[PDB]
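Following: one structure in structure tokens, then a few remarks.
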Amino acid sequence: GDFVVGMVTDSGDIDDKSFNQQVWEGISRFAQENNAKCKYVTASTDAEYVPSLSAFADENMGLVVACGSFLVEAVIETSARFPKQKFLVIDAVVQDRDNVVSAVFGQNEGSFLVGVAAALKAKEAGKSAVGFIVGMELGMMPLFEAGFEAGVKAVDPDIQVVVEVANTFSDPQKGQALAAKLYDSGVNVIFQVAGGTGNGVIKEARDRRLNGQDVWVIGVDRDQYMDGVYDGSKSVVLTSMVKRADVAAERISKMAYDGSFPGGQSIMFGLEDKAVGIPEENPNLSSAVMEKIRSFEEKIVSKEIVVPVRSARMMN
Ligand SMILES: O=c1[nH]cnc2c1ncn2[C@@H]1O[C@H](CO)[C@@H](O)[C@H]1O
């Protein structure tokens, strides 16, 4: 009865205020605007990955969307079994499948920009360390730390980045504990790249500011400024590393619907497509800080500066 897009995620939550929420929102917009339909399913454990993709393929969906590095192995296999079914992989790469499109993001380039903002706010308070909390480090996740460190060092090579890994994208309690550990050490800015877990990092920052501690958090995926309002007016969110997975999902769903699915291609959504970067409006960033950030953004887009894909501590 309708062209249908089906989303399979490893997360039990599409309202994570971040990544899964952006993907579902993009699929939802495509459906609403094109008189089509959509649905999703959660694959909590990997024993569910293959059967979940298979069921959708068995219903002859217009497009099957798989989110994240965890589902890659299952997509690689399943796409070969259903050569006529179109699949879209977000946040990972699949090769040798003419029925699969891989959407990847230049998140190292966008993270460079919030690294500049972080280093400037830290210097403002005489701090020589900033924090970074990441959900997991598999797949393309290391790009966030690589770019964040690069942006911080571009401002002041002496500022250290202190890293904490949660090893989960769905545990806010853990996010809060790791944020408390970093803030208790004297850090005043933390960039969180942790999906649902990250909501706990934002909560901890809100609680600290409420009681007079001059701390900040940088959000991810969505513009999380409102998520950080703690006293009715002010927000603890300095800025956010926005990642338009919604645009990717919506646009590729439309290509599938129209017959122009770019099967077998990896499409990079980067800083020049405005697919990653910071929000257009930033109440907590001064015009001077904004100028510095846009200056760097221009050099990255022109390739005058190339942002690494792995941080110093992860390189030989
Ligand atoms: O549930 C998830 N499954 C896989 N990856 C995720 C999930 N949530 C978040 N990310 C990854 O972490 C980054 C920051 O939130 C997201 O951009 C995405 O790359």
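Chain labels run A, B, ... following the order of the structure tokens; each chain numbers its residues from 1, and ligands are numbered from 1 in the order shown.
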
Please provide as a ChimeraX atom specification all residues within 12 Å of residue 120 (chain A), with the sequence filter that same-chain residues fewer than 4 positions apart are discarded (counting only C-alpha atoms).
/A:113-116,124-130,151-156,159,188-189,238,285-286,288-290,292-293

Within 7 Å of ligand 1, which residues show up when you count only C-alpha atoms and all ligand atoms? List them as a CSV table (one decimal) with N, CA and C atoms, in the first residue's frame, please.
chain,number,residue,atom,x,y,z
A,9,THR,N,17.9,-0.2,14.7
A,9,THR,CA,18.9,0.3,15.5
A,9,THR,C,19.4,-0.7,16.6
A,10,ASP,N,20.6,-0.5,17.2
A,10,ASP,CA,21.1,-1.3,18.2
A,10,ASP,C,20.6,-0.7,19.6
A,11,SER,N,20.0,0.5,19.5
A,11,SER,CA,19.5,1.1,20.7
A,11,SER,C,18.1,0.9,21.0
A,18,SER,N,19.5,12.7,20.7
A,18,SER,CA,20.7,12.8,20.0
A,18,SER,C,20.7,12.0,18.6
A,19,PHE,N,21.6,11.0,18.5
A,19,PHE,CA,21.7,10.3,17.2
A,19,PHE,C,20.6,9.5,16.7
A,20,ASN,N,20.0,8.6,17.5
A,20,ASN,CA,18.9,7.8,17.0
A,20,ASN,C,17.6,8.7,16.7
A,67,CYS,N,21.5,1.7,11.6
A,67,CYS,CA,22.3,2.7,12.3
A,67,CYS,C,23.5,2.2,13.1
A,68,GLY,N,24.7,2.7,12.7
A,68,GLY,CA,25.9,2.3,13.5
A,68,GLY,C,26.7,1.2,13.1
A,69,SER,N,27.9,1.2,13.6
A,69,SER,CA,29.0,0.2,13.4
A,69,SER,C,28.6,-1.2,13.8
A,70,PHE,N,27.7,-1.3,14.8
A,70,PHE,CA,27.4,-2.7,15.3
A,70,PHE,C,26.6,-3.5,14.3
A,91,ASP,N,26.8,5.8,9.6
A,91,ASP,CA,27.9,5.8,10.5
A,91,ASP,C,28.9,4.6,10.3
A,135,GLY,N,31.1,7.7,24.2
A,135,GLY,CA,30.3,6.5,24.4
A,135,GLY,C,31.0,5.2,24.2
A,141,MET,N,34.1,6.1,15.5
A,141,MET,CA,34.0,7.0,16.7
A,141,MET,C,35.3,7.7,17.1
A,169,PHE,N,26.1,3.7,25.0
A,169,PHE,CA,25.4,4.9,24.5
A,169,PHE,C,24.1,5.0,25.2
A,170,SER,N,23.7,4.1,26.1
A,170,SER,CA,22.4,4.1,26.8
A,170,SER,C,22.4,4.0,28.3
A,193,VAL,N,30.3,12.9,23.7
A,193,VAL,CA,30.0,12.3,22.4
A,193,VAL,C,29.5,10.9,22.8
A,194,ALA,N,28.3,10.9,23.4
A,194,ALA,CA,27.9,9.6,24.1
A,194,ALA,C,26.4,9.3,23.9
A,195,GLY,N,25.8,9.8,22.9
A,195,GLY,CA,24.4,9.5,22.7
A,195,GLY,C,23.5,9.6,24.0
A,196,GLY,N,22.7,8.6,24.2
A,196,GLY,CA,21.8,8.7,25.4
A,196,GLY,C,22.6,8.9,26.7
A,220,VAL,N,26.3,17.1,21.3
A,220,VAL,CA,26.6,16.5,20.0
A,220,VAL,C,25.3,16.0,19.3
A,221,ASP,N,25.4,15.8,18.0
A,221,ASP,CA,24.3,15.3,17.1
A,221,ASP,C,23.2,16.4,16.8
A,243,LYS,N,25.4,17.0,14.0
A,243,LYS,CA,25.7,16.0,12.9
A,243,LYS,C,24.4,15.6,12.3

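CA of residue 190 (chain A) sits 8.4 Å away from CA of residue 215 (chain A).
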
Taking only C-alpha atoms into account, name the residue in A:123, A:17, A:208, A:310 that is nearest to residue 225 (chain A).
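Under the stated criterion, the closest residue is A:17.
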
With only C-alpha atoms as the basis for distance, which of A:83, A:1, A:198, A:110 is at the shortest distance from residue 132 (chain A)?
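The closest residue to residue 132 (chain A) is A:198.
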
Which residues of region 54-152 of chain A sit at most 10 Å from region 33-40 of chain A, using only C-alpha atoms? Give each one's shortest atom pair and distance in Å (one decimal place), in chain and ascending residue order, as JSON lines.
{"residue": "A:56", "atom": "CA", "partner": "A:40", "partner_atom": "CA", "distance": 9.7}
{"residue": "A:61", "atom": "CA", "partner": "A:38", "partner_atom": "CA", "distance": 9.5}
{"residue": "A:62", "atom": "CA", "partner": "A:37", "partner_atom": "CA", "distance": 9.6}
{"residue": "A:63", "atom": "CA", "partner": "A:38", "partner_atom": "CA", "distance": 9.6}
{"residue": "A:64", "atom": "CA", "partner": "A:40", "partner_atom": "CA", "distance": 9.5}
{"residue": "A:65", "atom": "CA", "partner": "A:40", "partner_atom": "CA", "distance": 9.0}
{"residue": "A:66", "atom": "CA", "partner": "A:40", "partner_atom": "CA", "distance": 10.0}

Residues within 10 Å of residue 297 (chain A), only C-alpha atoms, excluding chain neighbours under 3 positions, as a compact mmCIF listing (two decimals) with N, CA and C atoms, in the first residue's frame:
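Saved the output as result-v7.txt:
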# COMPACT_ATOMS: atom_id res chain seq x y z
N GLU A 109 36.28 16.82 11.48
CA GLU A 109 36.32 18.24 11.09
C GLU A 109 35.40 19.08 11.97
N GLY A 110 34.18 18.60 12.20
CA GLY A 110 33.27 19.35 13.04
C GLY A 110 33.76 19.42 14.49
N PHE A 112 36.78 19.56 15.46
CA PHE A 112 37.89 20.51 15.53
C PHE A 112 37.28 21.86 15.98
N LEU A 113 36.14 22.19 15.40
CA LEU A 113 35.51 23.48 15.72
C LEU A 113 35.11 23.60 17.19
N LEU A 271 31.81 19.18 6.57
CA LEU A 271 31.72 20.59 6.92
C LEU A 271 31.24 21.47 5.75
N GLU A 272 31.66 21.17 4.53
CA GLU A 272 31.20 22.02 3.44
C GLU A 272 29.73 21.82 3.07
N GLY A 277 29.29 20.46 12.20
CA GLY A 277 29.75 21.80 12.56
C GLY A 277 29.01 22.29 13.79
N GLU A 291 34.28 34.27 15.39
CA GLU A 291 35.13 34.65 14.25
C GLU A 291 36.28 33.67 14.11
N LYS A 292 36.90 33.36 15.24
CA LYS A 292 38.01 32.42 15.26
C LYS A 292 37.55 31.08 14.72
N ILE A 293 36.39 30.61 15.16
CA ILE A 293 35.89 29.34 14.69
C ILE A 293 35.60 29.31 13.19
N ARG A 294 35.00 30.37 12.67
CA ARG A 294 34.69 30.40 11.24
C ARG A 294 35.97 30.48 10.41
N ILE A 300 39.72 24.49 6.90
CA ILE A 300 39.50 23.05 6.78
C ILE A 300 38.79 22.74 5.46
N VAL A 301 37.75 23.50 5.14
CA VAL A 301 37.01 23.25 3.91
C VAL A 301 37.90 23.38 2.65
N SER A 302 38.81 24.34 2.66
CA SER A 302 39.71 24.55 1.51
C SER A 302 40.90 23.58 1.50
N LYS A 303 41.03 22.81 2.56
CA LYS A 303 42.13 21.85 2.70
C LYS A 303 43.46 22.48 3.07
N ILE A 305 44.08 23.14 5.97
CA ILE A 305 44.33 22.40 7.20
C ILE A 305 43.67 21.04 7.04

Gap from CA of residue 50 (chain A) to CA of residue 23 (chain A) - Å, one decimal:
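Calculated distance between CA of residue 50 (chain A) and CA of residue 23 (chain A) is 20.2 Å.
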
Using DSSP on the backbone coordinates, identify all residues within region 222-268 of chain A classified as alpha helix (DSSP H); present the result as a PyMOL selection string.
chain A and resi 245-258

In terms of the shortest atom-to-atom distance over only C-alpha atoms, which of A:226, A:181, A:247, A:168 is closest to residue 29 (chain A)?
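Among A:226, A:181, A:247, A:168, it is A:247 that comes nearest to residue 29 (chain A).
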
Could you list, as a ChimeraX atom specification, every residue within 10 Å of residue 46 (chain A), counting only C-alpha atoms and ignoring same-chain residues fewer than 3 positions away?
/A:10,43,49-52,70-71,73-74

The selected residues should be written to file as a short mmCIF file (atom, residue, chain, number, x, y, z; two decimals), in the first residue's frame (atoms: N, CA and C atoms).
data_model
loop_
_atom_site.label_atom_id
_atom_site.label_comp_id
_atom_site.auth_asym_id
_atom_site.auth_seq_id
_atom_site.Cartn_x
_atom_site.Cartn_y
_atom_site.Cartn_z
N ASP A 10 20.58 -0.46 17.15
CA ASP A 10 21.09 -1.31 18.23
C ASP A 10 20.62 -0.72 19.56
N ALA A 43 17.25 -3.64 17.96
CA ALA A 43 18.00 -4.88 18.00
C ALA A 43 18.96 -4.78 19.19
N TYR A 49 20.28 -8.83 15.15
CA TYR A 49 20.67 -8.07 13.95
C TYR A 49 20.26 -8.69 12.62
N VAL A 50 20.69 -9.93 12.39
CA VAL A 50 20.36 -10.59 11.14
C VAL A 50 18.85 -10.84 10.96
N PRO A 51 18.18 -11.42 11.97
CA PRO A 51 16.75 -11.64 11.76
C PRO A 51 15.93 -10.37 11.58
N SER A 52 16.37 -9.27 12.20
CA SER A 52 15.66 -8.00 12.08
C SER A 52 15.78 -7.42 10.68
N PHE A 70 27.74 -1.34 14.84
CA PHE A 70 27.41 -2.68 15.33
C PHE A 70 26.64 -3.53 14.34
N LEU A 71 25.85 -2.89 13.49
CA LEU A 71 25.02 -3.61 12.51
C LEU A 71 25.69 -3.87 11.17
N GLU A 73 28.30 -5.80 10.15
CA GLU A 73 28.55 -7.18 9.76
C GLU A 73 27.23 -7.81 9.25
N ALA A 74 26.13 -7.57 9.95
CA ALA A 74 24.82 -8.10 9.54
C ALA A 74 24.36 -7.51 8.20
#

DSSP on the backbone: which residues in region 123-198 of chain A end up as strand (DSSP E)? Give the answer as a PyMOL selection string.
chain A and resi 129-134+160-165+189-193

Selected residues, N, CA and C atoms, written as a compact mmCIF listing (two decimals), in the first residue's frame, please.
# COMPACT_ATOMS: atom_id res chain seq x y z
N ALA A 129 43.40 22.15 31.04
CA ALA A 129 42.89 20.81 30.73
C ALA A 129 41.40 20.95 30.41
N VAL A 130 40.90 20.13 29.48
CA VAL A 130 39.47 20.10 29.13
C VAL A 130 39.12 18.60 29.14
N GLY A 131 37.84 18.27 29.27
CA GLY A 131 37.48 16.85 29.32
C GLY A 131 36.77 16.39 28.05
N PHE A 132 36.68 15.07 27.88
CA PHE A 132 36.07 14.52 26.68
C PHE A 132 35.50 13.17 27.13
N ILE A 133 34.22 12.94 26.91
CA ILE A 133 33.59 11.67 27.32
C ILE A 133 32.99 11.06 26.07
N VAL A 134 33.41 9.85 25.74
CA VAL A 134 32.91 9.24 24.52
C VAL A 134 32.19 7.93 24.86
N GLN A 160 45.72 20.12 27.91
CA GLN A 160 45.61 18.67 27.82
C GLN A 160 44.14 18.27 27.71
N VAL A 161 43.88 17.17 27.00
CA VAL A 161 42.53 16.63 26.85
C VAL A 161 42.51 15.39 27.74
N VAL A 162 41.54 15.31 28.65
CA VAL A 162 41.43 14.18 29.56
C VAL A 162 40.26 13.38 29.03
N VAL A 163 40.50 12.12 28.67
CA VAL A 163 39.47 11.28 28.07
C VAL A 163 38.87 10.20 29.00
N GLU A 164 37.54 10.06 28.98
CA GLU A 164 36.85 8.99 29.72
C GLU A 164 35.95 8.26 28.70
N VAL A 165 35.94 6.93 28.74
CA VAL A 165 35.13 6.14 27.82
C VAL A 165 34.05 5.43 28.63
N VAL A 189 35.29 22.35 31.21
CA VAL A 189 34.56 22.11 29.96
C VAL A 189 34.68 20.64 29.60
N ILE A 190 33.55 20.02 29.24
CA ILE A 190 33.57 18.60 28.80
C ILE A 190 32.78 18.49 27.49
N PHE A 191 33.40 17.90 26.47
CA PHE A 191 32.72 17.65 25.20
C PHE A 191 32.18 16.22 25.35
N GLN A 192 30.86 16.02 25.21
CA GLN A 192 30.30 14.67 25.34
C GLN A 192 29.87 14.16 23.97
N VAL A 193 30.29 12.93 23.65
CA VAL A 193 29.96 12.30 22.37
C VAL A 193 29.49 10.94 22.80

Please provide as JSON, numbers by chain all residues within 9 Å of residue 249 (chain A), with the sequence filter that same-chain residues fewer than 5 positions apart are discarded (counting only C-alpha atoms).
{"A": [22, 23, 24, 25, 26, 27, 30, 65, 88, 90, 103, 244, 254]}

File of the preceding selection, N, CA, C and O atoms, as a compact mmCIF listing (two decimals), in the first residue's frame:
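Listed below is the output, part.txt:
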# COMPACT_ATOMS: atom_id res chain seq x y z
N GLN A 22 17.81 11.82 15.71
CA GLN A 22 18.01 12.53 14.44
C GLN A 22 17.66 11.61 13.27
O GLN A 22 16.97 12.00 12.34
N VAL A 23 18.12 10.36 13.31
CA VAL A 23 17.85 9.45 12.19
C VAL A 23 16.35 9.22 12.01
O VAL A 23 15.85 9.31 10.88
N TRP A 24 15.65 8.94 13.11
CA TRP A 24 14.21 8.70 13.03
C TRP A 24 13.50 9.98 12.55
O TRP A 24 12.56 9.91 11.75
N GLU A 25 13.95 11.14 13.02
CA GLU A 25 13.29 12.36 12.58
C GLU A 25 13.43 12.61 11.08
O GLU A 25 12.50 13.11 10.43
N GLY A 26 14.59 12.26 10.51
CA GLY A 26 14.79 12.41 9.08
C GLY A 26 13.93 11.44 8.29
O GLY A 26 13.34 11.80 7.29
N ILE A 27 13.83 10.20 8.77
CA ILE A 27 13.01 9.22 8.07
C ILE A 27 11.54 9.66 8.14
O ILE A 27 10.78 9.55 7.16
N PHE A 30 10.80 12.48 5.70
CA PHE A 30 10.68 11.98 4.33
C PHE A 30 9.28 11.41 4.14
O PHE A 30 8.61 11.72 3.16
N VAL A 65 17.07 0.92 6.76
CA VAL A 65 18.12 1.78 7.29
C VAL A 65 18.73 1.18 8.55
O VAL A 65 18.02 0.95 9.53
N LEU A 88 20.51 1.23 3.57
CA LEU A 88 21.29 2.41 3.87
C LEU A 88 21.95 2.17 5.22
O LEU A 88 21.27 1.86 6.19
N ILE A 90 24.17 3.93 8.19
CA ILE A 90 24.58 5.24 8.68
C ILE A 90 25.66 5.08 9.74
O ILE A 90 25.49 4.29 10.67
N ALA A 103 26.49 6.06 4.49
CA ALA A 103 26.54 7.49 4.80
C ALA A 103 27.52 7.71 5.95
O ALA A 103 27.29 7.23 7.05
N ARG A 244 24.17 16.08 11.08
CA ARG A 244 22.89 15.94 10.41
C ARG A 244 22.53 14.56 9.84
O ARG A 244 22.28 14.40 8.65
N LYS A 254 14.75 9.60 -0.07
CA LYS A 254 14.12 10.20 -1.25
C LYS A 254 14.73 9.67 -2.54
O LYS A 254 14.01 9.45 -3.51
